[PDB]
Amino acid sequence: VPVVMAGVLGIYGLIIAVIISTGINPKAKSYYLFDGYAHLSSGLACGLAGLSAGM
Amino acid sequence: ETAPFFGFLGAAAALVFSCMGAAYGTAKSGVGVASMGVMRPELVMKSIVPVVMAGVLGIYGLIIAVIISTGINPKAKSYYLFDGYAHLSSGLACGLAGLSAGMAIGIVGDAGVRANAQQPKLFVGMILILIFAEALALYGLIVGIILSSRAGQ
Amino acid sequence: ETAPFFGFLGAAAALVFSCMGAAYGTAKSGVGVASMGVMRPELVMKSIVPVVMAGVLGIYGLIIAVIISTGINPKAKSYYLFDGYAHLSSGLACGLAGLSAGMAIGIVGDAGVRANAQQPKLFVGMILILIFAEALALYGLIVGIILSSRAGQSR
Amino acid sequence: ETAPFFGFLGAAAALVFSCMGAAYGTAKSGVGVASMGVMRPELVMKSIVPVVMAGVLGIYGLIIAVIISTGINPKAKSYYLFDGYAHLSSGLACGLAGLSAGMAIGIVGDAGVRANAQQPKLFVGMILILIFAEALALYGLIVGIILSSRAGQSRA
Amino acid sequence: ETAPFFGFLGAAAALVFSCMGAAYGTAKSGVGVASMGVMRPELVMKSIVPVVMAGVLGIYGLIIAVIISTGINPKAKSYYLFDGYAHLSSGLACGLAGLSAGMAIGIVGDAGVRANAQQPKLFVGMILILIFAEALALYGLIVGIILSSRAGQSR
Amino acid sequence: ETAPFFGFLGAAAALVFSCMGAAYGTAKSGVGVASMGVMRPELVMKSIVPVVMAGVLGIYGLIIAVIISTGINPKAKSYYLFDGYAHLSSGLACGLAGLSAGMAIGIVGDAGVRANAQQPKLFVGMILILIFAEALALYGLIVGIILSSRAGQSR
Amino acid sequence: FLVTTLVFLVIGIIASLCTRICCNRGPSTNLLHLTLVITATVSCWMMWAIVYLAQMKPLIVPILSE
Amino acid sequence: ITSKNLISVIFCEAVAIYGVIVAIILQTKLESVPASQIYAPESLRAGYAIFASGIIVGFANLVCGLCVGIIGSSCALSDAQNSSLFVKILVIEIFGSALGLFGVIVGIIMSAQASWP
Amino acid sequence: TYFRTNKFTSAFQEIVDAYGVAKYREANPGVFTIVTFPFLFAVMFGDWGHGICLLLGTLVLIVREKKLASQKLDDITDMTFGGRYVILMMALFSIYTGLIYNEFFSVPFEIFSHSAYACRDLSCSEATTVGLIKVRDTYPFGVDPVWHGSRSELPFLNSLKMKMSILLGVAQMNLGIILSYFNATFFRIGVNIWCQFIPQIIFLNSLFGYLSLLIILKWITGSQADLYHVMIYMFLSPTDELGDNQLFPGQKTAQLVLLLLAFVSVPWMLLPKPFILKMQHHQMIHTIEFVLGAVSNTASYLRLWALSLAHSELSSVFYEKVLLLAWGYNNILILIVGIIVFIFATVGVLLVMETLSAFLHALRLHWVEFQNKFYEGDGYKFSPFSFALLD
Amino acid sequence: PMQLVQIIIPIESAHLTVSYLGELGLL
């Protein structure tokens, strides 16, 4: 059962990625150097936290 | 422009990677077969699946390289940096996939040789496993063929 | 301008890699042959074949390098970029394939030399395995030769 | 005009790599012979052979280097750009071949010196293996000569 | 121009690499000689030859560096890339040869130190191998002389 | 211009490498001296000789580096990259030679200290070995002097 | 130089005569000496022929600037 | 245990089929991207989106494949140990297959990304 | 069984024993090698000065062998005692070799004339000129010093030496083929000799002889720009057509015909003998063995050329050191010290290191050539009931 | 140019022949 729950966590991450792809359209919002750097840094921090939590 | 250089580099990398992967898989499988054949030489003669898979990987790599080379016809198409970059990347990916499949198949066959030495049921099981690995390699080859077809456009 | 110079450099690297692979295979085969000769002198004579195979692979690499060198001709065409690129790619691919095949054949022969001493029957299958290993390198050499034949890149 | 730097670099590198490979092979063969020592004192003649092969490889490297240095004549036929890169390619090929031959010769010589103590009947086989190994260095020298041959034509 | 950056670097590198190789070889030889002297004083007296080989290699490297430095005459010779390139090549060759010779000499010295306890004839024979290695190093140094002489074309 | 950067960098590198080599040699010599003193406190007194030799070599390297650095006077001579390059090369060569010599001398001294604890003539043997090892430092000093002279040869 | 070849042939004939005078007793020994003389003559003549072929026509002359 | 390994191989083949479908889509998902008009910032944005889709797809697929392989190895060992324990092994195999399918669905969603002229 | 060995023949017998053995009916080229190995070593390398001195020392040892019989030799001295005759023969050949090389005492010396070779015309023109040097008079006993030993003459001279070594290797291969044919005649095979030795021989012989004849034709024509690489340029196209540089008017079609003949003969080297054996009722080793042997002969020629070049370089280095010591010594003491140091270094380099290396290389080439030729090991030594201490 | 040989010799005489052939001997 815990393995199934862990797989469901990855499925939820996939759903989040699908939502990101739905919002991936760049015409609505123009991101500058500061915006892109902020997004990338925050995403990387979240990913590091997620990998550590998975371990 | 520089597109033919990129395409030639990609084709060369594809061929080299496929050859290296096939060589590694063949070496592992042959070492396993030689180790297993020490006990019973009779079972060793049956152990030709490593040779078959090595030859299949080599032939697939050579065919992919030949197809990529045929795609390089400057007289037919003046070509573009985009087209050459696409063809090179496609060929390189096909070669890398073939190399990985061959290495995995050889790794499996290494233990499969000793398994066949143990009993014929393990022999046919390892044969089925190698068949699945060769099917994966053929799927990679077909993907490379489709990619080469796309390069024509 | 200097692109055919890079092509010649790649052609030389082809022979370099082929020689390295052949040397590795020959060293492994020599260790195996020394072990076999320690076991029995009779097995030593029959065990020379893998060394000859490695030498043949090295000679094939040298022949490919010589063909590439013949490919370079100033009177053929003016300074062109594609001449260097195709030659360098062919040389690199051929050298990498030869080195990998040589290492694999060396490992296989090292195993087979020990194997044959215990039982002579398996030597037949070992010969076929080594032949397949060498044929892979031969196919790679043919593929490289195809690229060298692909010389008329312009007009 | 900057090609002669590359040419001199390649000429030096050929000799450097050949000497490195020869030194490695010679050290391996000497260690193997010293191990074979005492047990088979009569095997001095056999132990001499790998040192001879290493010396031959070194001499081939020096010959290739001398040929490359002779090729570099800026007074006539200005080096242009192809000469330096061709010299570098030839030197690299010679050096790599020498290093590979030296490593293989050292390994095979260690194996032969080990086999020297017991069953000396395999001296012929050991010599055959050494000759087959040195064939690689000979082929490398031939390839280097062939490459150096094309140097003059590029001047036009 | 850029000649000092090349020539000075080559002159430094030759001595540095030669000294490093000779030092490693002499350290190995000294360890072996200490072992032999613990075994027997006669072997300790005999084991002096590898130290002589290491010193010869170091002297050859120093001589090559001195020749390269003396080649540097900016007042007499106009600043050319070729002039510094020849010195850089000579220095690189000398340093690489010295390092290789030092490593080989250290290995041979340990082997001969073992052999001297094993048998005096073995040490006498290994002297020939050490001489052959020294001759290879001398051949490298001689090629360095031709490399230095190549600088004559530039002026 | 940027020549003082290179000269000061070479001067610093000489001292750094010499200190590292002296540290390695001193550590090895101290280990050997501790072993000898544990074995025999009386014999420990003579065992300090390799440590003294390593320290002398390190000081000589440091002295050479200081002498080379003191030569650099911007007010004395106008901006010329040749002097800075020569000083940097001298520093690099001297430092590398000193480091290699120190490490090798330390290893050889530890081995010779163990052997001297074993046998008395081994002390003289190790002394001869260290005298042989000093050739690397001598060559480094000679190269540094040659480069310092070439620095003044700039014009 | 045809004169050089003739001189070499004369030297070979003299050597053959000397070997015959020395060891006419041993016909097999005499044959061995004759074979040795033939080999020596072949080697010397080949060396001289190579040397002269070098002197047949020079591709270029030497430069020895100070 | 061979049947369990066959189920794992079936999961791997499903991953391969997902990759093939992704390649076919990327062949179709390629924008107009004229040879002349291959420098517009919109083309760069489309390329970045396609690269992000490929990176998210392939890396996740490889991680799922490695996880499935390790789980299947342990499951085969356990099935060899205990005859009864087979459905539990199949559960882990199905979990790995579901991870691969989730990656495939992510690629399918990312298919509609390109904006190049 | 073993053929009777005299004092001189003992070294050749020992060499043949090193190269395994041979059957009593099998041909033993040991007697021929007793001159060939000196002949090759002389071609390989040689220093006139120390070589003469080494020969004198060997002769003194041979004279004092009576005491050397009483005074037991040590290690390599024991081998030298046995091989005195072979060493003397090798040094005698090396004397003529150095005479050809003209580096008397490892230094060029004028022969007959005040200067053996000089520069005709170009009185004011430097040696680096279009006219440069003209050898109006050529040294008749050796290579012209202007054309060989001079500063810039080195590359062409080395190329010529390598080309000559190639021909020497071709001659050695021909001698091996001749010995094989002779041994087959001794073997007395009715048709098997023609089926096996004749195709194995002759094929590669003519393959190398095409290049040798091309070298001879080039020497006749004297092409300049290609130097010794005209043959490489010609052989660079194994395909038909072109062949502009061909000296012989029909050399192109003839070369194509020869290539076809060699291709046809290649199976003939391997097929007829097993077919005859099957009809009456190894080849796999013989497979590729021809190409390997040709490569080995080329390698031996290149090794000889490299050894000669290395000997020349060492002699030049010694001469340079001696000249530097002499010129920069106004006082007698400095010159004496420099001369002594240079003499010791040159002796150590040449009489010991270079001599041993050349001897080993020549021996290895001899073993390769003999193994290609015949006698295929397979035997043992004569076994009498002789008292070892008494005899 | 040698060949095998076989003979029967009385032991007493064989001693003298063996002593004579000890130094060099034939068979």
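When the chains are written out, they are named A, B, C, D, E, F, G, H, I and J in that same order, and each has its own residue count from 1.
In the analysis below, contacts are C-beta pairs under 8 Å (C-beta built on N, C-alpha and C of every residue); 3 or more make two chains touch, one makes a residue touch a chain.
In UniProt terms the chains read B, C, D, E, F = V-type proton ATPase subunit c1; G = V-type proton ATPase subunit e1.
Of all chains in the assembly, none touches subunit H and also subunit J. Number of steps on the shortest path from subunit B to subunit I, with steps defined by chain touch: 2. A comparison of the A-H and B-C interfaces places the larger number of contacting C-beta pairs at B-C.
Located most centrally within the structure is D, per distance between chain CA means and the overall CA mean. Note: the chain lying farthest from subunit B is J, by mean C-alpha position. With centres set at the average Cα position, the gap from subunit B to subunit E is 48 Å.
Computed centre separation for the pair subunit E/subunit H is 58 angstrom, with centres defined by C-alpha atoms. Chain centres here are Cα means. That of subunit D falls 35 Å from that of subunit F. For the pair subunit G and subunit I, the distance between C-alpha centroids works out to 15 Å.
In subunit E, the residues that touch at least two other chains are 121, 125, 128, 132, 135, 139, 142, 146. Those residues of subunit E that touch subunit I in the shared complex are 121, 124-125, 128, 131-132, 135, 138-139, 142, 145-146.
Residue ranges on subunit E touching subunit F, taken from their complex, read 4-5, 8-9, 11-13, 15-16, 18-20, 22-24, 26-27, 29-31, 33-35, 37-38, 41, 44-45, 47-48, 51-52, 54-55, 58-59, 61-62, 65-66, 69-70, 72-75. Residues 3-4, 6-7, 10-11, 14, 17-18, 21-22, 24-27 of subunit A are the ones that touch subunit H when the two sit in their complex.
Chain contact summary for the complex, subunit D toward subunit I: residues 45, 48-49, 51-53, 55-56, 59-60, 62-63, 66-67, 70, 75, 124, 127, 131, 134-135, 138-139, 141-142, 146, 149, 152.
Of all residues in subunit D, only 81-82, 85-86, 88-90, 92-93, 96-97, 99-101, 103-104, 107-108, 111-112, 114-115, 118-119, 121-122, 125-126, 128-129, 132-133, 135-136, 139-140, 142-143, 146-147, 149-150, 153-154, 156 touch subunit C in the complex they form.
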